[PDB]
Ligand SMILES: C[C@@H](O)CCCC(=O)CCC/C=C/c1cc(O)cc(O)c1C(=O)O
Ligand SMILES: C[C@@H](O)CCCC(=O)CCC/C=C\c1cc(O)cc(O)c1C(=O)O
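Residue numbers (PDB author numbering), protein chains in the order written: chain B, 25 to 326; chain A, 25 to 326.
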C-alpha cells in the first residue's frame with residue numbers, strides 16, 4: 025500500500041491467480057498496443073510515452089506479476105508464468121490482436137508471446153534492449169547473467185529479500201557502491217528506496233540470479249519458435265576492459281545470434297542499433313521510442 | 025507415427041505452442057468433464073470408461089503435452105506449462121465450465137487448475153490417487169519423489185532418454201529387475217515397450233526425478249490456492265518396512281495434510297480411501313470410478 029497517483033486511470037483484472045493492474049489510453053479504433061515494463065519497472069514506466077502512443081494506438085500498459093499493483097506470487101516467478109498471465113490479459117481485457125513492446129525483461133516476454141501465445145494473439149513483437157542470453161544462467165552464446173547484470177540482482181536478494189522480507193535498503197546502497205562490479209553503477213542507489221523498487225518483488229532478482237526464472241525457457245529455443253515479425257533495438261553496450269563484464273543488455277555477438285535464430289525460423293526480423301541510447305529509451309527518450317515503434321508498426325501487414 | 029486406432033474419433037487443436045489431441049463423447053446438454061491421464065498414459069487411458077461417463081457428461085479426454093499425439097516440447101515440461109495448456113484447451117474447445125478429473129500426475133493438474141485456471145473455468149476437481157508431495161523433490165511433508173516413484177523415472181531417463189533418444193528398452197527392463205527399489209515392481213516391465221509408453225516423452229520422468237517439473241509449483245502452496253471443491257481418492261498405498269519406500273501415489277500422512285491445506289483455504293474437500301483399488305482405478309474398475317465421479321458430481325452446486 026505504498027503506491028502513488030498517476031496520469032491515467034488504473035484498473036485491475038483477475039486472470040485466475042494474478043490480479044493484473046494496468047492503464048488504458050487511446051481509441052479502440054486504433055491498433056491495440058501492449059506495453060511490458062522492464063524488471064523493477066511498473067506500468068508507469070511507459071507513462072510519459074503513453075500520451076504519444078495513444079495518438080495512434082489503443083495502448084495497454086500493465087504491471088507484470090510480482091510488480092506494481094499486480095499480485096506478488098512467491099515461488100512462481102518464471103517466464104512461462106509471466107507470459108501466460110499476459111496471454112490471459114490479452115484474452116480477457118484486450119480481446120484483439122496486439123503489437124507487443126517490452127523493455128529488457130519485458131522484451132524477453134514480448135518474444136515469449138510471439139512464440140508461445142495463443143494463436144492470433146500477437147501481430148508482431150518489439151524487443152527494446154532485451155537481455156537475450158545475457159539474462160540466462162548458462163546461455164548458448166556470450167556473457168551469462170553472472171557476468172553482466174547478476175551482481176545487482178544478487179544484492180536485491182541479499183539485502184531486500186523475497187517480498188521485501190529483509191528490507192535493508194541502506195545495506196544495499198552501501199554494498200552496491202562498494203561492489204567491485206563495474207555494471208553495478210548502471211543501477212540507481214539513492215539514499216531512499218525509489219518508488220518503482222518499493223513496488224517490486226526482489227524475488228525477481230533471485231530468480232534471474234539463480235537461473236530459475238528461465239530454466240524452462242532457453243532463449244535459443246524460444247527465439248527459434250517465434251511466429252510473428254520482431255524488431256530488436258540494441259542500445260548502449262560495452263565490454264569492460266579491466267573486468268570483462270558486459271555493461272548493457274546484450275553483446276554484439278549475442279544480438280547477431282538472436283537475429284540468425286529468428287531469421288532461420290522464417291520470420292521477419294529487423295535490427296536497429298542505437299549505441300548512444302539509454303537502456304530504457306521509452307522512459308528517458310520517449311519521443312525517440314514512439315517514433316521507432318510507430319514507424320516500424322506502420323511497415324507491418326494489416 | 026506409432027499410434028493405434030480407438031473407439032472414439034480423435035481431433036487436434038492448436039493451443040499456440042502445443043497442438044493438443046483429444047477425444048470427445050457425449051452431448052453438450054450434459055455437464056462438461058475434462059479427463060487428465062496419468063504420466064505415461066494417453067487419453068485412451070479413459071477409453072474403456074468414457075462410454076459410461078458419456079451417458080451423463082460431455083466428456084473430453086486429452087493427450088497432455090509430451091504424450092500421445094499432443095506435441096512433444098523438449099525442456100519446457102512443467103506443471104505450469106501443463107496447466108496453462110489445459111486452460112487454453114478449455115477456453116478454445118470446451119468454452120464452458122468443466123469438472124476436471126485427473127489420475128496421478130493428472131490429478132495434480134486438476135488441482136493446479138482449481139487454483140490457477142482462468143476465473144470460472146473450473147467447477148470442481150477430482151484427484152484420482154494424486155501424488156501430492158510424494159512427487160516433489162523437496163516436499164513440505166512426507167516422502168520425496170526419490171523415496172517413491174523417482175527410481176522408475178530415473179530409469180526412464182537413463183535408458184529411454186529424452187524424446188526416446190536412447191531407446192534401450194531391454195536395458196531398462198534389465199535395470200528395473202535389478203533395482204533395489206521395492207517400488208520398482210509397481211511399474212510394468214514387458215518384453216516389448218508398451219504402446220502407452222511409446223507415445224510418451226521420457227523427459228517427463230527426468231523432470232519429476234530432477235525436481236524441475238514442480239520447482240515453480242510447490243504443492244503446499246498450490247493446495248492452499250484451490251478455489252473449487254476437491255475430491256481426493258486415495259487408492260492402494262503401503263510403506264516398505266526395510267527401505268521405507270512409499271509404494272503408491274501418496275502416504276496417509278501426506279493425504280491428511282492435503283486435506284488440511286484445502287480445508288484451511290475455506291474450500292470444500294472430500295476424501296475417499298480405497299486402499300484395495302489399483303492406481304489407475306478408472307481403467308481397471310471403470311464402473312467403480314464412474315460411480316464415484318457421477319455420485320460426487322451430483323452433490324456439486326449448480
Ligand atoms: C507408470 C505410472 O503409471 C506410474 C506407476 C503407477 C503405480 O503403479 C504406483 C505409483 C503411483 C504414483 C505414480 C507417480 C509418482 C510420482 O512421484 C509422480 C507421478 O507423475 C506419478 C504418476 O504415475 O503420474
Ligand atoms: C539497471 C537499469 O538502470 C538499466 C541500466 C543499464 C544496465 O543495467 C544494463 C542493461 C541490462 C539492464 C537490466 C537487466 C538485466 C537483465 O539481465 C535482465 C533484466 O530484466 C534487466 C532489466 O529488466 O532491466
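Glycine is no exception: its CB is placed at the ideal position from the N, C-alpha and C atoms.
What number of angstroms, rounded off, separates the C-alpha of residue 246 of chain A from the C-alpha of residue 322 of chain B? 44 angstroms
Let me check you understand the geometry: is the CB of residue 210 of chain A closer than 7 angstroms to at least one non-hydrogen atom of ligand 1? yes
Verify the contact flag: residue 227 of chain B, CB atom, against every heavy atom of ligand 2, threshold strictly below 7 angstroms. no
Under the criterion of a Cβ to heavy atom distance below 7 angstroms, does residue 162 of chain A qualify as lining ligand 1? no
Buried versus exposed, by CB contacts within 10 Å (16 or more), residue 58 of chain A: buried
Contact between the stretch 272 to 290 of chain A and the stretch 247 to 260 of chain A is defined here as three or more beta-carbon pairs at a separation below 8 angstroms; is this criterion met? yes
Cα separation between residue 252 of chain A and residue 312 of chain A? 23 angstroms
By alpha-carbon positions, which one of A/48, A/100 and A/42 ends up nearest to residue 238 of chain A? A/100
When Cβ atoms are compared, which residues of the stretch 121 to 151 of chain B fall closer than 8 angstroms to chain A? 139, 140, 141, 142, 143 and 145
Cutting at 7 angstroms between CB atoms, please list the residues of its own chain near residue 331 of chain A, excluding the five before and the five after it. In this structure chain A extends from 25 to 326, so residue 331 of chain A is not present and cannot be described.
Under the DSSP definition of a beta bridge, which residues are partnered with residue 224 of chain A? A/91
Tell me the DSSP secondary structure of residue 63 of chain A in three-state form. coil
Using a threshold of 7 angstroms, is the CB atom of residue 63 of chain B nearer than that to any non-hydrogen atom of ligand 2? yes
Out of curiosity, what's the CA-to-CA distance linking residue 52 of chain B and residue 287 of chain A? 44 angstroms
Residue range of the unbroken beta strand (DSSP E) whose run includes residue 117 of chain A: From DSSP, residue 117 of chain A is part of no beta strand (DSSP E); its letter is neither H nor E.
Tell me where the alpha helix (DSSP H) around residue 309 of chain B begins and ends. First-last for residue 309 of chain B: undefined, no H or E at that position.
Apply the 10 Å Cβ neighbour rule to residue 225 of chain A and answer buried if 16 or more other Cβ atoms are within range, or exposed otherwise. buried
Does the beta carbon of residue 89 of chain A sit closer than 8 angstroms to a beta carbon anywhere in chain B? no
Boundaries of the alpha helix (DSSP H) in which residue 196 of chain B is found, first to last residue: 193 to 202
Checking the sheet assignment: what are the DSSP bridge partners for residue 262 of chain B? B/271
What's the gap between the Cα of residue 233 of chain A and the Cα of residue 31 of chain B? 50 angstroms
Leaving out five residues on either side along the sequence, give the residues of the same chain with a beta carbon under 8 angstroms from the beta carbon of residue 206 of chain A. 264, 266, 267, 269 and 271
If you measure from the beta carbon of residue 104 of chain A to each beta carbon in chain B, is any gap under 8 angstroms? yes
Nearest-angstrom Cα distance between residue 111 of chain A and residue 137 of chain A? 7 angstroms
Same chain only: Cβ atoms within 7 angstroms of residue 113 of chain B, ignoring 5 sequence neighbours per side: 37, 39, 44 and 86
Starting from residue 126 of chain A, follow the beta strand (DSSP E) in both directions and report where the run begins and ends. 122 to 127
Taking Cβ-Cβ distances below 7 angstroms as the criterion, which residues of the stretch 153 to 165 of chain B are in contact with chain A? none
DSSP three-state assignment for residue 36 of chain B, whether helix, strand or coil: strand
Closer than 8 angstroms, CB to CB, is residue 41 of chain B near chain A or not? yes
Can residue 156 of chain B be considered in contact with ligand 2, in the sense that its beta carbon sits closer than 7 angstroms to one or more heavy atoms? no
With a threshold of 16 other CB atoms inside 10 Å of the CB of residue 109 of chain B, please say whether the residue is buried or exposed. buried
Sequence-distant residues of the same chain with beta carbon closer than 8 angstroms to residue 115 of chain B, five excluded per side: 142 and 145
Compute the Euclidean distance between the alpha carbons of residue 191 of chain B and residue 217 of chain B, then round it to the nearest angstrom. 10 angstroms
Please name the residues in the stretch 236 to 262 of chain A whose beta-carbon is closer than 8 angstroms to at least one beta-carbon of chain B, in chain order. 236, 239, 240, 241, 242, 245 and 249
To the nearest angstrom, how far is the alpha carbon of residue 229 of chain A from that of residue 220 of chain A? 14 angstroms
Report the CB separation of residue 60 of chain B from residue 126 of chain B in whole angstroms; it is logged as a contact under 8 angstroms. 3 angstroms
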